[PDB]
Amino acid sequence: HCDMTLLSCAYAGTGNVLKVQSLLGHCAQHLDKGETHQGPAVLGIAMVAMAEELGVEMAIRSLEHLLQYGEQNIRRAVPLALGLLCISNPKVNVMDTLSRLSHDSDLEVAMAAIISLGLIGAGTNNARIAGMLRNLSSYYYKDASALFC
Amino acid sequence: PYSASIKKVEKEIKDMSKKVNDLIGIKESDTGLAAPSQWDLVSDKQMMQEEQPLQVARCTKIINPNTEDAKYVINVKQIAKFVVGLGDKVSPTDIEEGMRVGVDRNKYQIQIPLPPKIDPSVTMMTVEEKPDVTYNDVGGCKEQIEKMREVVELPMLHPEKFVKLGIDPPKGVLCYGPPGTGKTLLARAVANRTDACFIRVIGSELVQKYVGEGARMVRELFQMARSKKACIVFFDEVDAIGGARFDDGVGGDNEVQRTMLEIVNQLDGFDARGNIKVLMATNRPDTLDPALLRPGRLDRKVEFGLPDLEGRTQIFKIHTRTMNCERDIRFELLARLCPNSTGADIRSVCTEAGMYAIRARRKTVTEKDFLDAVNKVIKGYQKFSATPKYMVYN
Amino acid sequence: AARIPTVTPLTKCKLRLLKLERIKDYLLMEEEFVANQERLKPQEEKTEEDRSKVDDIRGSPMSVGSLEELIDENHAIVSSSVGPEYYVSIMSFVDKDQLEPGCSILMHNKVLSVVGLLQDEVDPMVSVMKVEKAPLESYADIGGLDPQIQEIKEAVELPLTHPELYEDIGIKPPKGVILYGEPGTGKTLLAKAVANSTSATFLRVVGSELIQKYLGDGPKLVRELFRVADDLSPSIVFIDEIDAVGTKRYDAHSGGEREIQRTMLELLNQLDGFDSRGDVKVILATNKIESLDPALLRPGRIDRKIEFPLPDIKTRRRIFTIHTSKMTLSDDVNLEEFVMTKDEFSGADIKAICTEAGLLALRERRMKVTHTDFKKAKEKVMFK
Amino acid sequence: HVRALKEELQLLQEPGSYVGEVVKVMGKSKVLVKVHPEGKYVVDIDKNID
Ligand SMILES: Nc1ncnc2c1ncn2[C@@H]1O[C@H](COP(=O)(O)OP(=O)(O)OP(=O)(O)O)[C@@H](O)[C@H]1O
Ligand SMILES: Nc1ncnc2c1ncn2[C@@H]1O[C@H](COP(=O)(O)OP(=O)(O)O)[C@@H](O)[C@H]1O
């Protein structure tokens, strides 16, 4: 965890493709229950990719692939990483992915997607984000934590 | 500068992609085989479950059961008849006499019921995809549109007024007019408009070879319709299925009479079709038999003719909704320059105007271009024009 | 296979290199993920153990059946080739995309479960009408008229030339072009150029071929031609000799006039029926259009009208200079002498005269053709 | 000769051989031929046939 966090913060905003590939390879390794090391790797991938628009797009595609094939920890981390990639930039594809994720059975993934949606719409006052947040609040009336998020 | 540096790297990656995909297995092109990553389930258990668990249970036809007991009768169309019984996984209320079902391949006992055979001859004749004809694209027949909707859509759109009013909704509609006057262009509209199933019976799609092999198709179509909740069966070129009975001397032109009679019977009387609305379209209705056109089977007799003065303008406005033409064109002058032309003629005029404009150099249509196109489509192609020989409906 | 269709870069920009590097990285990650499955739990060869187990599970002897319905949930209803209807289910390798009536479904030999599909390589109607090779040379071999060469090009090839020009104008290609002209006008010669230049599938239909002997057959032939051409690919199907719809009466067909009428109605329906035929073009020609059914010509079924007149006195020169390109003719005669020999010498007349002159030169085994050979061919051609 | 003759005793004991006419052949020794009264089917090939 410490090593990957250091590597991520070190190369954040540098766009070095080799480090992104190394992080992806680290994520691709199936790990026994107990290791939370994948989430920091995904966040570091997002941090390295934020620098370039092409980097942002390839990171979004890789995050979609990881979500399709990722573990529970990777599934929880992907919404936060993709929200980081598109802060204050409501890209329609990312918003739709977050809308799909916010209805996941796992509550933690739901709150992660909700927080990513809030981050993406921060300061833009997007009507679509407000509407989907209203729909989620209506859905999650019974859950206190989900309503809080 | 590094022209060979990038092309070689790309070629290496492209070759390696196949060199690595061949290591999992997608090759060995078969003749109807699925992907090894598509039948994986049946390897030792699923195959031993998809195969060892089940039996063929060949399907056959039932005759009737015998009272005082289960006493069901087994009958095979091509194998043999036999006294058999159903399986332990069936109910005794559903013992339909004359029902297609399979019996235990060994026990010769019906273990699974089945729906009636589809007779693929009348199963292929379902729409399954509405045409791209919308209401806004069939302008020029507003009164006919309202009349057709009152029979196909309005009665089913809000089935509360008709019950409160206390009158049975009108039964069907026949659209007979000069050729090209917009019959199919509206039938496709009806298909893409409502949601109830629409069956397209091409007037030639009922004349079978053997004696009576055609009428059976009518019964099959009628059953496939009555099977669903609500159906609207649109038959075109209804002038072919049957015109009338005129037998004299040697028996001729009679077989079509049997087909027409069978179509009428399934359409009227003896527990009629009920929740099935007919929408026919003849182009030479002069020969239609008195019985078919008699009210109660095709009550509505809407007619679709040539737009007089404003129909042509509406056709020009609709069929030209996606043509790059000069805004200073006077279409109404064109609608007045076509004394008696068909709507398909208007669409062809818009097309020819597009072609002429694209011909030499222009990028947008010109009023003079549409004028020149009219001079050829109507004033030049008038030799046949298809109108004079069918205007009298004969 | 269809990994990435983005080639818009078409240059040495860094975007193309970045996309290729990302694709390579994704492929490497997938390969690494897949390799560990065998490294940790191979559990089998995965190359031949699976194929052998499939062969030993599915009935080794697979029969030639016929699918007749659709049962999605591990079931299917078909008839045994002997005749007995079967309730064979779906197997693991079913790949149920060809679940249509007629395709033979291969069942097991032990339990007769669906083992394999039946690859179909027949298409009898299409084959009895599919053009294999180009008929003739380029359009330059037609010669003389080219009043329809541009028109026919716009009607057929122009849609296939670059279908954005008609797209940018906001219209679709013309419906159909019917080539009517004097007997031997070269209409078939026009289809020759259409085929030699054509790009998509083309079907040839003999005019009498639509009228069959058994009642109800002709409509079936028309519907089958429509299915074959449309269901095969974008096509240009020419039903030559359309006048044979009712002009000629034969005793082979059981039905009388109400059979040619039914065939014509079926053809009209197939041309402008109640569905989307797709991207299919029709080019038919006739020599006696005075009797053709008026409904089959209304704008909407056959749109473009093309008339072919006899070769012009100025066009006759090009026709002659064309049909005699490779002939070693002696300079004794001048073609213009026979150019006006016939008052109404059609295009076929020039070819007949040239062939007769060649034959006459052949009878004497001479090397060139003399004026007398042409003189003797002219009388034998026009005068009979 | 006698050993053969006694061998034909069991030769005529085994079941006969059906007649076949391959309408279409398939790669890797696949055969779909016309059964006399039945039809066709998918099968494999023998060990010593080109
Ligand atoms: N009122 C209309 N609005 C729009 N398009 C129309 C109209 N009338 C005819 N058309 C055009 O007519 C064509 C389809 O109608 P179609 O010619 O098949 O009618 P029809 O009377 O069934 O012909 P036929 O009886 O000869 O088969 C299309 O090109 C369509 O755009
Ligand atoms: N330049 C030409 N113009 C017209 N016809 C030509 C020309 N050159 C050759 N022909 C002849 O035209 C005929 C093409 O068939 P076609 O005239 O359409 O027959 P039909 O009219 O009987 O269907 C052939 O006999 C061919 O030799």
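In order, the residues displayed for chain B correspond to 33-426 in Swiss-Prot numbering, which applies throughout.
Looks like electron microscopy, 3.3 Å, at least that's what the header says.
For all residues, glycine too, the Cβ spot is worked out from N, Cα and C.
Taken straight from Swiss-Prot:
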- B:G209, B:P210, B:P211, B:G212, B:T213, B:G214, B:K215, B:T216: ATP binding site (BINDING)
- prompt: Does DSSP put B:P211 (ATP binding site) in a helix, in a strand, or in coil?
  reply: coil
Candidate with sparsest Cβ neighbourhood (10 Å radius) among B:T213, B:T216, the listed binding-site residues: B:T216
Task: With the Cβ under 6 Å from ligand 1 as the test, give me the qualifying entries from the binding-site residues B:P210, B:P211, B:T216.
output: B:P211, B:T216
Lowest local Cβ density (other Cβ within 10 Å) among binding-site residues: B:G209, B:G212, B:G214: B:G209
- prompt: 10 Å Cβ neighbour count around B:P210 (ATP binding site)?
  reply: 25
- line: Taking the centre of the Cβ atoms of B:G209, B:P210, B:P211, B:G212, B:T213, B:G214, B:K215, B:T216 as the ATP site, the remaining residues of that chain with Cβ inside 8 Å are B:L217, B:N315, B:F336, B:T374, B:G375, B:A376
Query: For the binding-site residues B:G209, B:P210, B:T213, B:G214, B:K215, which ones lie near chain C, with a CB less than 8 A from one of its CB atoms?
result: none
B:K215 (ATP binding site), number of other Cβ atoms within 10 Å: 23
